[PDB]
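Asker: I'd like to ask you about the structure that follows.
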Amino acid sequence: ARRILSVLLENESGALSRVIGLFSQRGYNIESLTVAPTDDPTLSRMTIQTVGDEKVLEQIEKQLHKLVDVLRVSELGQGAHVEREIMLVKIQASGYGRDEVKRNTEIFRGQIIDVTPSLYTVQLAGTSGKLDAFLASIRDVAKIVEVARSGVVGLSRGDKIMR
Amino acid sequence: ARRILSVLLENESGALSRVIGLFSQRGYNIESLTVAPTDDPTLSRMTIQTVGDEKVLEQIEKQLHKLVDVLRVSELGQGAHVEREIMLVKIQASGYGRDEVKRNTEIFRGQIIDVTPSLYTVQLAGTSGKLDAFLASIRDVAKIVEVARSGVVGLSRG
Ligand SMILES: [Mg+2]
Ligand SMILES: [Mg+2]
Ligand SMILES: [Mg+2]
Ligand SMILES: [Mg+2]
Ligand SMILES: [Mg+2]
Ligand SMILES: [Mg+2]
């Protein structure tokens with residue numbers, strides 16, 4: 001009931017609208033989406049995380065191919081793949097809590113990118129589950145003031161290449 | 001030039017489609033877009049990076065405040081802020097180029113997350129400029145085969 005689609009799309013104004021518009025017209029759900037330029041045959045690459053019925057989630061890919069700005073579409077889960085997200089989290093802590101936040105940041109291989117006497121801003125990259133586990137490890141020991149999270153970026157492993 | 005908006009919105013489309021529609025109907029360049037779930041199962045946070053078009057963006061933003069599915073809107077480029085991105089880059093990595101890719105990954109403090117005897121996939125997080133510099137340093141030396149970049153996310157400084 002969860003699918004991850006990679007899309008290679010021409011950078012033109014309107015292209016992102018047409019893709020999102022296609023989902024808006026079925027209630028194809030968008031759990032997360034990332035899109036940004038590649039090293040640029042003027043193309044961008046999009047990663048879309050969708051959740052719902054396997055039936056409608058399979059109508060998706062055929063319809064994406066109809067869009068003139070869409071160059072390639074690949075369902076990442078049908079082969080070996082990697083998925084990552086980045087998160088920034090501002091955390092207020094004192095005493096033992098500051099200790100725990102620092103320790104957990106080390107454990108999760110994050111880094112602190114801003115520091116005041118009462119606040120840390122932590123940058124963490126990993127799978128969604130890794131980021132969720134970081135939040136869970138500190139939520140009841142320190143105060144989470146704000147979270148900014150990217151949503152999933154994905155690529156196939158090895159010589160499976162969307163070109 | 002460069003503007004970054006963060007938007008909190010009720011998560012379905014129509015909602016996402018309505019926000020992005022405000023940009024496309026003006027033919028306004030979107031360079032990157034990220035959208036992810038928040039604490040609240042009903043709310044998403046979107047971050048959009050655009051190159052404009054000065055005051056046209058101002059008209060888009062007041063228009064954003066008028067949208068029923070939008071809860072809050074912020075310009076990141078009003079801090080005093082931190083902005084970061086992540087990229088996955090798959091690179092043809094043979095002979096001299098394999099040495100070079102490994103060395104440059106070390107230099108930029110990335111990490112290799114997939115290996116074959118002729119390919120590396122590098123994970124790199126940093127500012128947008130850091131990622132750009134990594135690609136510039138390698139693109140003429142080893143063949144970049146795939147790039148998946150997140151788009152920027154950000155927070156104010158404390
Ligand atoms: Mg074209
Ligand atoms: Mg120590
Ligand atoms: Mg040597
Ligand atoms: Mg050597
Ligand atoms: Mg060495
Ligand atoms: Mg060249």
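In the structure tokens, the first chain shown is A, the next is B, and so on; residue numbers restart at 1 for each chain, and ligands run from 1 in the order shown.
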For a quick test of understanding: name the residues of chain A lying within 8 Å of chain B when counting only C-alpha atoms, and present them as an NGL selection string.

Answerer: :A and (13-14 or 16-17 or 20-21 or 23-24 or 27 or 29-39 or 45-47 or 85-88 or 114-116 or 119 or 125 or 146 or 148-155 or 157-159 or 161-163)

Asker: Can you pull out every residue from chain B that DSSP, working from the backbone, puts in alpha helix (DSSP H), and format the result as a PyMOL selection string?

Answerer: chain B and resi 15-24+56-65+96-107+128-138

Asker: For those residues, write N, CA and C atoms to a file as a compact mmCIF listing (two decimals), in the first residue's frame.

Answerer:
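Written file, selection23.txt:
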# COMPACT_ATOMS: atom_id res chain seq x y z
N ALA B 15 -4.98 20.78 -2.34
CA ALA B 15 -4.26 21.77 -1.52
C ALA B 15 -2.85 22.06 -2.08
N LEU B 16 -2.14 20.98 -2.33
CA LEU B 16 -0.80 21.08 -2.90
C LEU B 16 -0.91 21.63 -4.32
N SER B 17 -1.88 21.11 -5.07
CA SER B 17 -2.14 21.57 -6.45
C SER B 17 -2.53 23.07 -6.50
N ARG B 18 -3.38 23.51 -5.59
CA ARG B 18 -3.70 24.96 -5.47
C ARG B 18 -2.50 25.88 -5.21
N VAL B 19 -1.63 25.48 -4.27
CA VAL B 19 -0.43 26.27 -3.97
C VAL B 19 0.46 26.33 -5.20
N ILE B 20 0.79 25.18 -5.78
CA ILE B 20 1.73 25.18 -6.92
C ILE B 20 1.15 25.92 -8.16
N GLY B 21 -0.15 25.79 -8.32
CA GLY B 21 -0.95 26.57 -9.32
C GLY B 21 -0.78 28.08 -9.28
N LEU B 22 -0.64 28.63 -8.09
CA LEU B 22 -0.36 30.06 -7.94
C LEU B 22 0.94 30.48 -8.61
N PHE B 23 1.94 29.60 -8.55
CA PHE B 23 3.20 29.82 -9.25
C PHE B 23 3.10 29.60 -10.77
N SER B 24 2.45 28.51 -11.18
CA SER B 24 2.51 28.13 -12.59
C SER B 24 1.67 29.05 -13.45
N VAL B 56 6.77 40.02 -8.09
CA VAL B 56 5.77 39.01 -8.50
C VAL B 56 5.60 37.96 -7.38
N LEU B 57 6.72 37.57 -6.76
CA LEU B 57 6.72 36.68 -5.59
C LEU B 57 5.88 37.22 -4.43
N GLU B 58 5.84 38.55 -4.28
CA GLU B 58 5.10 39.21 -3.16
C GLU B 58 3.60 39.03 -3.35
N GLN B 59 3.20 39.19 -4.60
CA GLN B 59 1.82 38.95 -5.06
C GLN B 59 1.39 37.49 -4.95
N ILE B 60 2.30 36.57 -5.25
CA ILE B 60 2.07 35.14 -4.99
C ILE B 60 1.86 34.87 -3.49
N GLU B 61 2.69 35.47 -2.65
CA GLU B 61 2.62 35.22 -1.21
C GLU B 61 1.36 35.77 -0.50
N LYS B 62 0.96 37.00 -0.80
CA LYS B 62 -0.32 37.46 -0.28
C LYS B 62 -1.43 36.57 -0.77
N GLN B 63 -1.28 36.05 -1.98
CA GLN B 63 -2.28 35.13 -2.54
C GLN B 63 -2.30 33.81 -1.78
N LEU B 64 -1.12 33.39 -1.31
CA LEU B 64 -0.97 32.18 -0.47
C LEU B 64 -1.75 32.31 0.81
N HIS B 65 -1.64 33.48 1.45
CA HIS B 65 -2.43 33.76 2.67
C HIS B 65 -3.94 33.71 2.49
N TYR B 96 41.57 6.24 -12.51
CA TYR B 96 41.79 7.59 -11.91
C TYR B 96 40.54 8.23 -11.29
N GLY B 97 39.43 8.16 -12.03
CA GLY B 97 38.16 8.71 -11.57
C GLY B 97 37.67 8.06 -10.28
N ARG B 98 37.98 6.78 -10.06
CA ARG B 98 37.53 6.09 -8.80
C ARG B 98 38.26 6.67 -7.55
N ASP B 99 39.59 6.83 -7.69
CA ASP B 99 40.47 7.54 -6.70
C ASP B 99 39.92 8.93 -6.43
N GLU B 100 39.68 9.66 -7.51
CA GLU B 100 39.20 11.00 -7.40
C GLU B 100 37.82 11.13 -6.70
N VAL B 101 36.90 10.24 -7.05
CA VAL B 101 35.59 10.31 -6.47
C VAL B 101 35.70 10.07 -4.99
N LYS B 102 36.43 9.01 -4.61
CA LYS B 102 36.64 8.73 -3.17
C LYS B 102 37.27 9.96 -2.41
N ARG B 103 38.32 10.52 -2.96
CA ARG B 103 39.03 11.67 -2.38
C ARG B 103 38.08 12.85 -2.23
N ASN B 104 37.31 13.14 -3.25
CA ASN B 104 36.40 14.29 -3.18
C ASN B 104 35.23 14.09 -2.23
N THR B 105 34.76 12.85 -2.12
CA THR B 105 33.77 12.50 -1.12
C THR B 105 34.34 12.79 0.28
N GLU B 106 35.59 12.40 0.52
CA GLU B 106 36.25 12.65 1.82
C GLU B 106 36.32 14.15 2.12
N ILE B 107 36.81 14.88 1.13
CA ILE B 107 36.98 16.33 1.24
C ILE B 107 35.67 17.03 1.62
N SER B 128 23.05 24.33 -0.15
CA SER B 128 22.89 24.21 -1.61
C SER B 128 24.22 24.47 -2.35
N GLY B 129 24.97 25.46 -1.88
CA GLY B 129 26.32 25.76 -2.39
C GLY B 129 27.34 24.65 -2.22
N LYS B 130 27.29 23.91 -1.10
CA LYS B 130 28.18 22.80 -0.87
C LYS B 130 27.92 21.70 -1.93
N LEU B 131 26.63 21.40 -2.14
CA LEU B 131 26.27 20.37 -3.11
C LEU B 131 26.65 20.76 -4.53
N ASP B 132 26.40 22.03 -4.86
CA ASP B 132 26.76 22.56 -6.15
C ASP B 132 28.29 22.42 -6.35
N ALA B 133 29.08 22.79 -5.34
CA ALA B 133 30.55 22.71 -5.43
C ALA B 133 31.04 21.25 -5.62
N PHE B 134 30.38 20.30 -4.97
CA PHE B 134 30.72 18.90 -5.14
C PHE B 134 30.52 18.46 -6.61
N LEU B 135 29.37 18.80 -7.18
CA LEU B 135 29.10 18.42 -8.58
C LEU B 135 30.11 19.10 -9.53
N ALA B 136 30.39 20.37 -9.28
CA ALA B 136 31.36 21.14 -10.13
C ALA B 136 32.75 20.52 -10.08
N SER B 137 33.13 19.98 -8.94
CA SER B 137 34.47 19.44 -8.72
C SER B 137 34.69 18.13 -9.43
N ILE B 138 33.61 17.41 -9.71
CA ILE B 138 33.72 16.07 -10.27
C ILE B 138 33.19 15.87 -11.69

Asker: Name all residues at most 8 Å from stretch 52-55 of chain A (count only C-alpha atoms; drop same-chain ones fewer than 4 positions away) and give them as a ChimeraX atom specification.

Answerer: /A:1-2,28-29,59

Asker: Could the residues in this selection be saved with N, CA, C and O atoms as a PDB file, in the first residue's frame?

Answerer:
ATOM      1  N   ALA A   1       0.843  -1.201   0.000  1.00  0.00           N
ATOM      2  CA  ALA A   1       0.000   0.000   0.000  1.00  0.00           C
ATOM      3  C   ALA A   1       0.889   1.266   0.000  1.00  0.00           C
ATOM      4  O   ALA A   1       0.372   2.352   0.020  1.00  0.00           O
ATOM      5  N   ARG A   2       2.202   1.096   0.018  1.00  0.00           N
ATOM      6  CA  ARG A   2       3.159   2.222  -0.061  1.00  0.00           C
ATOM      7  C   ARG A   2       4.068   2.021  -1.289  1.00  0.00           C
ATOM      8  O   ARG A   2       4.661   0.948  -1.470  1.00  0.00           O
ATOM      9  N   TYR A  28      -4.925  10.419  -5.795  1.00  0.00           N
ATOM     10  CA  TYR A  28      -3.663   9.715  -5.558  1.00  0.00           C
ATOM     11  C   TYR A  28      -3.070  10.512  -4.368  1.00  0.00           C
ATOM     12  O   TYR A  28      -3.046  11.749  -4.388  1.00  0.00           O
ATOM     13  N   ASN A  29      -2.680   9.824  -3.305  1.00  0.00           N
ATOM     14  CA  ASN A  29      -2.206  10.485  -2.104  1.00  0.00           C
ATOM     15  C   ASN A  29      -0.740  10.791  -2.341  1.00  0.00           C
ATOM     16  O   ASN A  29      -0.072  10.064  -3.083  1.00  0.00           O
ATOM     17  N   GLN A  59      -2.365   2.473 -11.497  1.00  0.00           N
ATOM     18  CA  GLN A  59      -2.896   3.327 -12.573  1.00  0.00           C
ATOM     19  C   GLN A  59      -1.970   4.536 -12.735  1.00  0.00           C
ATOM     20  O   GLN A  59      -1.850   5.108 -13.820  1.00  0.00           O
TER      21      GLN A  59
END

Asker: So how far away is atom CA of residue B:3 from atom CA of residue A:18, in Å?

Answerer: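 It comes out at 22.6 Å.
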
Asker: So which bits of chain B end up strand (DSSP E) when you DSSP the backbone, as number ranges by chain?

Answerer: B: 2-10, 30-37, 43-51, 70-75, 81-92, 111-116, 119-126, 144-149, 153-156

Asker: Please identify every polymer residue within 7 Å of ligand 1, using only C-alpha atoms and all ligand atoms, and present the set as a ChimeraX atom specification.

Answerer: /A:10,12,69
